[PDB]
C-alpha cells in the first residue's frame, strides 16, 4: 500500500538526519571538554612554577631574617658586657663615697 511505504522511507530518512545532527553535537562537546582538559593541565603546571617561585622567595626572606636576628643578638651581647664593665667601675666609686659617709656618721 502506497501511503505506508512513502511513510516508512520518509520517517527512516528523517530519523537518519536527526541522528546525524546529534552525532555532530556530541563530537563538538567532546572537543569542548578536551580543550578544557588541555587548559587544566596547563593551569596545573603553571600553579607548580608559581608555587615553587613563592617558596624560594619566602625562604630567601626567612634566611635574611635569621641573619638579622643573629646580628641583633650579638649587638645586645656586646652591649651587655659593656654594661657589666661600666657597672663594676661605678661600684668602685660608690665604695669611696660610702666610706666617707660612714666617716661623717660617727663624728
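Residue numbers count along the first chain shown, from 1.
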Stretch with the greater mean C-alpha B-factor as recorded in the entry, comparing 93-101 against 79-87: 93-101
Return whichever of 67-75 and 49-57 has the greater mean Cα B factor according to the PDB record. 49-57
Ranked C-alpha temperature factor of residue 32 among modelled chain residues, by third: highest
CA B-factor placement of residue 17, once the chain's modelled residues are sorted into thirds: middle
